[PDB]
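Residues take their numbers from the sequence shown, with the count starting at 1. Whatever order the structure lists them in is the order used to number ligands and atoms, beginning at 1. Just the heavy atoms: all of them, side chains too, but no hydrogens, waters or symmetry mates, feed the values below.
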Amino acid sequence: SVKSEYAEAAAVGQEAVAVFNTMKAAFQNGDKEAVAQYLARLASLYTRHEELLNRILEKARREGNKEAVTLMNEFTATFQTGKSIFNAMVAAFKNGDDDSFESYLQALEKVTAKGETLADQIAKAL
Ligand SMILES: O=C(O)CCc1ccccc1
């Protein structure tokens with residue numbers, strides 16, 4: 001069901017949260033080799049999450065579930081805000097700019113925290 005597809009998407013999102021916090025610890029400790037690997041792992045988790053969200057939104061549209069489509073249009077827009085901040089973070093790492101990396105990391109944390117009440121609303125709406 002689309003609802004169980006959203007639970008699968010939610011779990012992939014939680015996996016990225018877990019890997020992100022582990023990446024943050026490694027960054028603070030200066031373990032750049034670990035950070036590089038965690039960033040690759042996160043890039044894969046976001047690409048997976050983004051595609052699953054796209055399938056869920058498309059399915060909601062085909063089902064005519066207007067409220068779920070509204071919420072998923074907002075949530076996918078916000079996901080892209082997080083994604084853009086991720087890609088800038090990756091570039092900051094490549095460039096050795098730890099000041100920008102710290103900035104983009106905190107912003108990504110606050111954008112994600114903000115998007116959580118909506119994430120829970122979608123589960124109920126599908
Ligand atoms: O953290 C997010 O909100 C998603 C970030 C993301 C999404 C898709 C590709 C790269 C990063």
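- Within a 6.0 Å sphere centred on CD of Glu33, heavy atoms belonging to other residues, nucleotides or ligands number 12 at most.
- Closest heavy-atom contact between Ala16 and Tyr46: CB-CE2, 3.7 Å.
- Proximity of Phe79 to ligand 1, defined as any heavy-atom pair under 4.0 Å, is shared by backbone and side chain alike.
- The single protein non-hydrogen atom nearest to atom 1 (O) of ligand 1 is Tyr46 CE2, 3.2 Å, given as residue, atom name and distance.
- For ligand 1 and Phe86, the ligand atoms under 4.0 Å from any heavy atom of the residue are 10 (C), 11 (C).
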**Message:** Determine whether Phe93 and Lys32 satisfy the following criterion, side chain to side chain contact (heavy atoms under 4.5 Å, CB included), listing intermediate values before the conclusion.
**Reply:** CA-CA 9 Å; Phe93 182 71; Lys32 304 178 68 168; 4.2 Å; yes

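- Here the shortest heavy-atom pairing between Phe20 and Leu42 reads N-CD2, 3.8 Å.
- Residue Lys59 qualifies as enclosed at atom NZ: its count of foreign heavy atoms under 6.0 Å is above 12.
- Atoms of ligand 1 found under 4.0 Å from any heavy atom of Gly82 (numbered from 1 in listed order, with element): 2 (C), 3 (O), 5 (C).
- Looking only at heavy atoms of the protein, atom 8 (C) of ligand 1 is closest to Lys83 CD, 2.7 Å.
- Proximity of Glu50 to ligand 1, defined as any heavy-atom pair under 4.0 Å, is confined to the side chain (atoms from C-beta onward).
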